[PDB]
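Can you keep this structure in mind? I'll have questions shortly.
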Amino acid sequence: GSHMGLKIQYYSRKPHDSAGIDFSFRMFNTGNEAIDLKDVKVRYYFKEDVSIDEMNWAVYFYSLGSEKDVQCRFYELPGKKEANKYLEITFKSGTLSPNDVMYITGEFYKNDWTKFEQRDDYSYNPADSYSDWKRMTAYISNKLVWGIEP
Ligand SMILES: [Ca+2]
């Protein structure tokens, strides 16, 4: 009984052209040790020509505490054919015991209110139910534990 593990499931009911990108997801502790969410980050990858400072994000719900405890930031991802941006989600608090699940809800937008095209976004899963989603990644202490980077 000696390893940590996470798994992400997510889906978006937004149409492929959308003002908001929904990054709401759930995450399970699949290992056999409790996890401090302060050590965890998650990435949602996409493609956009706008600068990271031309987008804004919001988190509306966090099952393990206040929504204020979920902090996000946009980053550039250069030199990759499959994506050129990610939103990284981090946590100020929260604990997940083995087999427990957490949820967040959140969306991001362009400052100029123009629409995103999501068909070229690596992490987009247009669906109406949960399944394991390998195109969002999760890390513990900066080590990759779930998913596949672009
Ligand atoms: Ca896009």
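Positions of Cβ are generated from backbone atoms using ideal geometry, with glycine treated the same way; all protein chains shown enter the neighbour counts. The numbers here are math on the coordinates, done by the rules we state, and not lab data.
To the nearest 20 debye, what is the magnitude of the charge dipole of the chain about its Cα centre, counting +1 on the Cβ of each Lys and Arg and -1 on the Cβ of each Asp and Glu?
Values: 20 positive and 23 negative charges, 54 e Å.
Once rounded to the nearest 20, the dipole reads 260 debye.
Related question: Whole-Å semi-axes of the chain's equivalent ellipsoid, largest first, each the root of 5 times a Cα gyration tensor eigenvalue? Please report the intermediate quantities before stating the final value.
On the way: eigenvalues 128, 49, 43 Å².
Values for the chain, descending: 25, 16, 15 Å.
Which of rounded, prolate or oblate describes the range 35-124 when judged by the alpha-carbon gyration tensor and an a/c cut-off of 1.5?
Numbers: a/c = 2.31, a/b = 1.76, b/c = 1.31.
Prolate is the answer for the range 35-124, as a/c is 1.5 or above and a/b outweighs b/c.
Right, something else. Considering only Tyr86, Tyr10, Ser131, whose Cα is most displaced toward the positive end of the charge dipole of the chain, charges sitting on Cβ of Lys, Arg (+1) and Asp, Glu (-1)?
Going by the Cα projections, it comes out as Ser131.
Number of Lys-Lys pairs in the chain under 15 Å by Cα, sequence gap 8 or more or different chains?
17
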